[PDB]
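Note on naming: letters A, B, ... go to the chains in the order of the sequence lines (proteins, then strands), and numbering restarts at 1 for each one.
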Amino acid sequence: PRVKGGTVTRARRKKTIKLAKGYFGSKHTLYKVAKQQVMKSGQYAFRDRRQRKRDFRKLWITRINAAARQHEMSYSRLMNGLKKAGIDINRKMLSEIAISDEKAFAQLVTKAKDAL
Amino acid sequence: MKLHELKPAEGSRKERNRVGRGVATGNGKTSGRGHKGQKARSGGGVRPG
Amino acid sequence: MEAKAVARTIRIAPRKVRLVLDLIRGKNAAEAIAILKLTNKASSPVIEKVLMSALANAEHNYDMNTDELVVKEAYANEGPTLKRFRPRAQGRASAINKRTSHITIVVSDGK
Amino acid sequence: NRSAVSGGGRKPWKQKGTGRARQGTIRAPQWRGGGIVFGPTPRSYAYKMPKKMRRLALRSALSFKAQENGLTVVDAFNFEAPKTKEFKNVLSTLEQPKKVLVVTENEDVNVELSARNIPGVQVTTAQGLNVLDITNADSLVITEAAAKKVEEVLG
Amino acid sequence: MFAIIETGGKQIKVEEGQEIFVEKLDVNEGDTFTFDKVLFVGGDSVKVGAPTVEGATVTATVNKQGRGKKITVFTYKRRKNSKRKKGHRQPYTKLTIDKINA
Amino acid sequence: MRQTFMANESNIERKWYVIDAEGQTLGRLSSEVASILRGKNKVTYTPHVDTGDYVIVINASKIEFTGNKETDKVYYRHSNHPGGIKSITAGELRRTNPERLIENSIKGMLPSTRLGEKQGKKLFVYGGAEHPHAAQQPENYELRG
Amino acid sequence: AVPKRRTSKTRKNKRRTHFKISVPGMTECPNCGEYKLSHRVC
RNA sequence: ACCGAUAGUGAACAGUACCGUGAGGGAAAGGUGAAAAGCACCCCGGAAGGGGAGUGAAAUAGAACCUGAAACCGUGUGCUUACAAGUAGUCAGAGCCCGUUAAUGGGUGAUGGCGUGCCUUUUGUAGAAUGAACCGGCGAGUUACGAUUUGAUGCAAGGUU
RNA sequence: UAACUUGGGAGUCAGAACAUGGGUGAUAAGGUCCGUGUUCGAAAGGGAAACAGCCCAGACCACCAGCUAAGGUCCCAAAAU
RNA sequence: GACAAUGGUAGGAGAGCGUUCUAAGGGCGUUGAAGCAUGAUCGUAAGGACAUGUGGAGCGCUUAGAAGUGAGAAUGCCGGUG
Ligand SMILES: [Mg+2]
Ligand SMILES: [Mg+2]
Ligand SMILES: [Mg+2]
Ligand SMILES: [Mg+2]
Ligand SMILES: [Mg+2]
Ligand SMILES: [Mg+2]
Ligand SMILES: [Mg+2]
Ligand SMILES: [Mg+2]
Ligand SMILES: [Mg+2]
Ligand SMILES: [Mg+2]
Ligand SMILES: [Mg+2]
Ligand SMILES: [Mg+2]
Ligand SMILES: [Mg+2]
Ligand SMILES: [Mg+2]
Ligand SMILES: [Mg+2]
Ligand SMILES: [Mg+2]
Ligand SMILES: [Mg+2]
Ligand SMILES: [Mg+2]
Ligand SMILES: [Mg+2]
Ligand SMILES: [Mg+2]
Ligand SMILES: [Mg+2]
Ligand SMILES: [Mg+2]
Ligand SMILES: [Mg+2]
Ligand SMILES: [Mg+2]
Ligand SMILES: [Mg+2]
Ligand SMILES: [Mg+2]
Ligand SMILES: [Mg+2]
Ligand SMILES: [Mg+2]
Ligand SMILES: [Mg+2]
Ligand SMILES: [Mg+2]
Ligand SMILES: [Mg+2]
Ligand SMILES: [Mg+2]
Ligand SMILES: [Mg+2]
Ligand SMILES: [Mg+2]
Ligand SMILES: [Mg+2]
Ligand SMILES: [Mg+2]
Ligand SMILES: [Mg+2]
Ligand SMILES: [Mg+2]
Ligand SMILES: [Mg+2]
Ligand SMILES: [Mg+2]
Ligand SMILES: [Mg+2]
Ligand SMILES: [Mg+2]
Ligand SMILES: [Zn+2]
C-alpha cells in the first residue's frame, strides 16, 4: 500500500509556528526560521533558568550591602558576624527584612556585631 | 484464542530497524555508514577475502 | 446603513489602484467624486464607476439619502495574474505579470 | 522504476555551465513523474510450517472450541432440499450464536446450499477444517460421523 | 507580625492569612500542617533564632496539591545532530498561613 | 518568583545631594558619586529602574591629581575624519573645563545603557563654590573614602 | 549590482512611506455647483 | 492487506499541443448541484463587473463553480515605537488593554542581565568555506534467492520434505 | 573493581593545542617528526576582555536556598577603598 | 526504603510515538464524518484529546498483521508567490 504525505507534516510545522508567536516578521511566519528560533529559545531558557538563581542572589547581596553600610558595616563583616552568631537566615530573607522591617534588621546587625 | 485478541509468543518478533529517518533513531543521516570512503557508497565495499 | 459595490478582475495593478483609493478612503461621497474626477491617474475613472455603483445601490436598494453618505471602506485585493513574456537579448525570455485588482467600495450613512 | 518509466533517455542539459543542478534524466526519482525507488514488486507472501505444527494448530483450535462449551454434536442433517429458512430454524432451535461453523463428514450439497446465505454461518467438511474458520466461529455444529472422522485423522 | 520559616530546602517570609507555595509536602488538601523550623519572628516583638526559635511553630492549612506550569526543557548542540526535549511539571503544595506562634 | 521586592516609579524616592570636590582625588570621588547615581547605596536597589539620587559637585576646579597626571594624563578623542585625533592633558582640561573633566570621569564609571545614560544625566557639576539648585534643597554628603 | 539580501516587508514599507499621491488642488465652480482644478477653466 | 489526479500508463480531459531540417523529444489539463431548477425582473455601468430580487438544504455551491492549507497581498486597531548600535530571542520586569479548556490566566511591553542562525564538512567554521528567495507537494538501505547468527516454536537420534 | 574467553554489530586509519624528553630547522615558526601526560575532538558551566586545545570543573529535571574551585572584592561589575 | 548512576560525535543496544492498508471485535456519523481554522488542554518525547467555527460523507477505537511509513537542506523536481 502507498502512504501519502498526508496531514502530519502540516500539523507538526503548525505547532512550531504557534510556538514562534510574537517573534519578529518572518520568524513568526516561516517554519524554517521559526524552528531555528524556537530551538534557540529552548537553549536560552535552559541557560537562563540556571543564570537567574545567580542573578537574584546577586541582587539580594547588593541590597544587604546597602543596608549594612547604613548600619556602618560591610556586607562581608555582617555575614561573618551572622555566621559566628549562628544565624542561618538566607540572603533573600535578609534583604526582604532590610526592606520591610528596618528595626528587626538593626537587631540582626547588632547581634552580628556582638558575635565579632 | 480469538481473532481480535491474537498474540505472538513472547520474544518471537522484533521490529525491524529503519535507517535514514532522523537523528533521534541514532541511524539518521549517514545511516550507520560513518563518513565517506568506499564503504559509505551505494554498492560500495570490496569483495570478501 | 451600508452599501457595497465591487469591480472584479480589473486589469490594473493593485499597487496603482491603491494609490488613488488612499486618496478617497474615509471622505464624504461628493468630495470623493470630485477627487476622482480631478485625479490624473489611470485608476480614477474605474474607481469612480465603482463608487457611483455603490451610491446607486445605496439609493435604490436600501432607501439611502445620497447626500449624507461617507466612503466607509475602499480597498483593492489582488486578482488572478495574466502571465506573459518579453523576449530579451541572447534568446532569453523575461516574465511579465499583468496583474488585476478586485476593487471594493462601501458607502455608509453612519447609523 | 526509472528504467521502466517512458522516455527519459537523454541528458536534460549539459553537466556544467548552466547554473542548474546536474541531472541525468527527467525520469530520475526526485523528478515529478520520475521512477519509483524500490516500492512494491510482485511476490508471494505464503510460507510453510512443519506438518506436526499444522496438526497441533488444528488440535489447539478444536480443543479451544471443546473447552469454553463451544462445540455441539448433532445426530444427523436431514436436508433433502435446500431451504434457508428451515436451516435458520434449526440453528435457532440448537440455540447457537451468530458465528457458527457447520462441519459435515463429506460435501453435503443441500446443507451447504441451505446455510450459505445466512450471515455469519459457514459450512465445511471434515477434511476442510482450518484454523482461520474454526477460530473465527464462536460455535461448531458437527455431525457424529464428521466428529468420528476428525478424531480418526487428527488422531 | 511575620515569620521566617524553612521548608523545602528554602526559606519563606510569611504573615497570617497569606497564601504560600512550597515544595511538595506529605499531606492532603484540607489538612493542617505545622512548620517547626522557625528562623525568625518579626512584628511587635523580635525573636532571633540561632539557628531556630525554640518552641516557635507556624500553623497552616493545605489548600492545594498541584503541579506547576509545564516547562519544555530543550537543548541542542549545533552541527552535531544532538538534541534533547523533555517535559517537566514541578509539584507544589499551596497552603494558607493560619497563625504564627512566637 | 516568590518574594523579592521590586522598585518601580511609583515607590522610588530620589534625593538631592551636594558634594565638595575640594582637595579630593578625581577617581575616588568619581567612583563614590557613580555609586550614588546608580543607587547602589539603597536597600531598594533594582537594576532595571533608576533608584539613584541626584548629585551636585561644587568645587570641580579644586579637584586633585596624584603623581604627574597634570601634564602626563592625556584625553584623546576622534572626530571620525581621517587623522582627526585630538588630545588634551588632564591639567589643561582642569584649567579650561573642570566640569567636563569630573563629568566624563563619572560617566566613564557609569554603564553605557539607556538607563546608565539617564542616571548620568542626574549629575550636575560646577567649577566654583555656588550652584543654582537651591530649589531642590540639596543635602551635604560626606565621601565615605 | 545585485541585492545581497532580500528586502523584508518592514524595510519595503518603510521605503514606501513617501510613495503616495496628493489630492489635487481644486475649488468649487459657482454656477454649475461642481469642482475644478484651481486656475483651470471648465 | 495494488494507484487514487505531482499518484496510477507519457496520456482519467495525447503520442495531441509544443520543440527539432530530420531521426527524435514530448507536456499541462479531473470534481456546480440530488435535480439546470445555470439567477425572470429592477438598479449603476458602453461593456466587464456588481447590489438587490429569485432557484436551491446551501450561491463565500454562480460555472476560473466540492473542500479551500501555506507562502504572498490588503483593510481595521488593543498595546508599543522618532537619543537609538541590534543572529532579534531568552531570563527579570513596571505600565496599559483583556478575561480562558480557570489555570499560582491571555495580549502588549518602558527598562535591566545574558546571547555571533541552521546544515554540511572540518584539527578547528559567527565564519569572509558549502547549501537553501519563500511556501506547498514529491524526493534516499528495498525485494528476491542463498549464507551466517540470535530470539521463538514443533519434534528429537532423529528432524524435514 | 574489574579482567579474560567465545559469538552478533560496528565506526576509526586528515588529528589539534598546551606542558615536558628529544630529532630536524636557526636552543625560527600557530613549523615538522617521534616519546610522555592533559584538554579539544565528542564538553556545556566559572575564570583568562573577546578567545576549540590554558586554569577550575564534567550539565537527569525543577527552586527567587546554602558552601566552595580557579579567579577575585574603588566604579563599570558580586565581594575588603 | 536506602544507596548508586544518568555531558556526548562516529557507532552498538533498548523502548516507544505517529502515517496508509488488512483481519477480527467493538463503535461513531446529516441531531453533521474526514479535512481545514482557532483556543488559555493533556503526556517524560515522538505526540493525544476537548470545545467552537468551517465543511458536507465518511471515520475512529482494541488486538494482531503488512508497508510506496515520518524531510529543512541534495547549485534536488514540479507548482504557487515574493
Ligand atoms: Mg491510498
Ligand atoms: Mg512530504
Ligand atoms: Mg550556583
Ligand atoms: Mg550516534
Ligand atoms: Mg540532517
Ligand atoms: Mg556526507
Ligand atoms: Mg575521511
Ligand atoms: Mg568509513
Ligand atoms: Mg550506484
Ligand atoms: Mg534571436
Ligand atoms: Mg529508461
Ligand atoms: Mg487534489
Ligand atoms: Mg499523470
Ligand atoms: Mg463556504
Ligand atoms: Mg471552492
Ligand atoms: Mg524616545
Ligand atoms: Mg545622548
Ligand atoms: Mg549582550
Ligand atoms: Mg582546513
Ligand atoms: Mg557576512
Ligand atoms: Mg565543497
Ligand atoms: Mg546560495
Ligand atoms: Mg522546499
Ligand atoms: Mg546493502
Ligand atoms: Mg603544528
Ligand atoms: Mg614549537
Ligand atoms: Mg604528543
Ligand atoms: Mg571529526
Ligand atoms: Mg568548555
Ligand atoms: Mg574525555
Ligand atoms: Mg588574551
Ligand atoms: Mg566570558
Ligand atoms: Mg566548545
Ligand atoms: Mg561564602
Ligand atoms: Mg559591587
Ligand atoms: Mg553529569
Ligand atoms: Mg547520555
Ligand atoms: Mg541499532
Ligand atoms: Mg521501535
Ligand atoms: Mg506506532
Ligand atoms: Mg517515503
Ligand atoms: Mg529544496
Ligand atoms: Zn464650472
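- For H/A110 and H/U111, a centre-to-centre distance below 5.5 angstrom and a plane angle below 30 degrees are both found for the six-membered base rings.
- Across I/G66, H/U153, H/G25, the shortest atom-to-atom separation from the side chain of D/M53 is found for H/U153.
- The base of H/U120 does not engage H/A53 as a Watson-Crick or G-U wobble partner with both distances under 3.5 Å.
- When each of E/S82 and A/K83 is assigned the nucleotide of RNA chain I with its nearest heavy atom, E/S82 is the one assigned upstream, toward the 5' end.
- The phosphate of H/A92 has neither OP1 nor OP2 within less than 4.0 Å of any side-chain N or O from A/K53.
- Looking at which nucleotide of RNA chain J each of A/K15 and C/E78 is closest to, the 5′-most match is held by A/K15.
- In this structure, the nucleotide among H/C118, H/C44, J/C78 sitting nearest to the side chain of A/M39 is H/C118.
- Between J/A67 and J/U19, a Watson-Crick or G-U wobble pair is formed, both defining distances falling under 3.5 Å.
- If you check every strand for non-hydrogen atoms under 4.0 Å, D/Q23 touches sugar and phosphate atoms only.
- If you check every strand for non-hydrogen atoms under 4.0 Å, D/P40 touches a base.
- In this model, the phosphate group of H/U142 is approached by a side-chain N or O of B/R16 to a distance below 4.0 Å at OP1 or OP2.
- The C1'-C2'-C3'-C4' torsion of J/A73 is negative, which assigns its sugar to the south, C2'-endo side.
- Looking at the side chain of A/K35, the nearest of the listed nucleotides H/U143, H/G113, J/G72 is J/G72.
- A donor-acceptor pair shorter than 3.5 Å can be found between the side chains of A/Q37 and A/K27.
- If you check J/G18 against J/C59, you find neither a Watson-Crick nor a G-U wobble pair with both contacts below 3.5 Å.
- Checking H/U111, J/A71, J/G76 against the side-chain heavy atoms of D/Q30 singles out J/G76 as nearest.
- Sorted by first and then second residue, the salt bridge (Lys or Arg N to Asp or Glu O under 4.0 Å) pairs involving residues 105-114 of chain F (not counting sequence neighbours) are F/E103-F/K107.
- At H/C118, none of the side-chain N or O atoms of E/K77 fall inside 4.0 Å of OP1 or OP2 (strictly under the cut-off).
- Adjacent nucleotides J/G56 and J/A57 miss the stacking criterion of ring centres closer than 5.5 angstrom and planes inclined by less than 30 degrees.
- When heavy atoms are screened at a 4.0 angstrom cut-off, A/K21 is found touching the sugar-phosphate backbone but no base atom.
- Applying the salt bridge (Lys or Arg N to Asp or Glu O under 4.0 Å) test to every pair with at least one member in residues 36-45 of chain B, sequence neighbours left out, gives no pairs at all.
- Under the 5.5 Å centre and 30° plane thresholds, H/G52 stacks on its strand neighbour H/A53.
- A close approach under 4.0 Å does occur between a side-chain nitrogen or oxygen of F/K118 and OP1 or OP2 of H/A84.
- Contact of C/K49 with H/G46 (side chain to base): a donor-acceptor pair of N or O atoms is detected under 3.5 Å.
- Mapping A/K92 and A/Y75 onto RNA chain I by nearest heavy atom places A/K92 closer to the 5' end of the strand.
- Using the rule of two distances under 3.5 Å, J/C17 and J/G60 do not count as a Watson-Crick or G-U wobble pair.
- Looking at the side chain of E/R78, the nearest of the listed nucleotides H/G50, H/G10, H/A126 is H/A126.
- Between H/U80 and H/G127 there is no base pair of the Watson-Crick or G-U wobble kind with both donor-acceptor distances below 3.5 Å.
- Between the side-chain ring of D/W31 and the base of J/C78, no stacking contact exists by the 5.5 Å and 30° definition.
- Of the candidate nucleotides J/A66, I/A77, I/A78, I/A78 has the atom nearest to the side chain of A/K58.
- Contact between the side-chain N/O atoms of A/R69 and the OP1/OP2 oxygens of I/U81 is found at a separation under 4.0 Å.
- Neither OP1 nor OP2 of H/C43 sits under 4.0 Å from any side-chain N or O of C/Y62.
- No contact: F/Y45 has no heavy atom under 4.0 Å from any strand.
- For D/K99, a side-chain nitrogen or oxygen approaches OP1 or OP2 of J/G25 to under 4.0 Å.
- Among the heavy atoms of the strands lying under 4.0 Å from A/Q51 are primed sugar atoms or P, OP1, OP2 only; no base atom is included.
- In the set H/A133, J/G68, I/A62, H/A133 carries the atom at the smallest distance from any side-chain atom of G/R6.
- Comparing H/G159, H/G139, H/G112 by their closest approach to the side chain of F/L115 singles out H/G112.
- Sequence order on RNA chain J of the closest nucleotides to D/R32 and A/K32 puts A/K32 first from the 5' end.
- Sugar pucker annotation for H/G68: south, assigned from a negative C1'-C2'-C3'-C4' dihedral.
- Glycosidic torsion of H/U60 falls within 90° of 0, placing the base in syn.
- In terms of phosphate contacts, B/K29 brings a side-chain nitrogen or oxygen within less than 4.0 Å of OP1 or OP2 of H/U120.
- Of all nucleotides listed (H/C118, H/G10, H/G50), H/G10 comes nearest to the side chain of D/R27.
- The base of I/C63 lies close enough to the side chain of E/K10 for a donor and an acceptor atom to sit less than 3.5 Å apart.
- With a 5.5 Å centre cut-off and a 30° plane cut-off, the bases of H/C72 and H/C73 come out stacked.
- In this structure, the separation between CD1 on D/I134 and CG on D/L58 is 5.5 Å, given to the nearest 0.5 Å.
- For J/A71, the base adopts the syn conformation, since its glycosidic angle falls within 90 degrees of zero.
- J/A57: sugar pucker south (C1'-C2'-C3'-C4' torsion negative).
- Cation-pi contact between A/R49 and A/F46: absent, since separation from the ring centre below 6.0 Å together with deviation from the ring axis within 45° is not met.
- Nucleotide J/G56 is annotated as unpaired relative to J/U41 [Watson-Crick or G-U wobble, both distances under 3.5 Å].
- A donor N or O paired with an acceptor N or O is not found under 3.5 Å between the base of J/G25 and the side-chain atoms of B/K2.
- If you check H/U125 against H/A82, you find neither a Watson-Crick nor a G-U wobble pair with both contacts below 3.5 Å.
- With both distances under 3.5 Å, J/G39 pairs with J/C50 in Watson-Crick or G-U wobble fashion.
- Using a 4.5 Å heavy-atom cutoff, the side chains of E/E23 and E/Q90 are in contact.
- For A/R52 and I/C64, a side-chain-to-base donor-acceptor distance below 3.5 Å is absent, hydrogens and geometry of angles not being considered.
- Between the side chains of E/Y76 and A/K40, at least one donor N or O lies within less than 3.5 Å of an accepting N or O.
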Just by protein heavy atoms under 4.0 Å, how would nucleotides 58-64 of chain J read 5' to 3' in B, S and -? -----BS

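- Evaluation of atom-type donor-acceptor distances gives no pair under 3.5 Å for the side chain of C/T81 against the base of J/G80.
- Among the nucleotides I/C64, H/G74, J/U38, the one closest to the side chain of A/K14 is J/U38.
- No Watson-Crick or G-U wobble pair joins J/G68 and I/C74 with the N1-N3 or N1-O2 distance and the second distance both under 3.5 Å.
- Between H/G78 and H/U16, neither a Watson-Crick nor a G-U wobble pair is formed under the 3.5 Å criterion for both distances.
- The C1'-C2'-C3'-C4' dihedral of H/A85 is negative. Its furanose therefore counts as south.
- Base orientation of H/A84: syn, the glycosidic angle falling within 90° of 0.
- J/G43 takes the anti form, because its glycosidic angle lies more than 90° either side of 0.
- An aromatic stack links D/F38 and the base of H/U142, using centre distance under 5.5 Å and interplanar angle under 30°.
- Both conditions hold for H/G46 and H/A47, whose six-membered rings have centres under 5.5 angstrom apart and planes under 30 degrees, so their bases stack.
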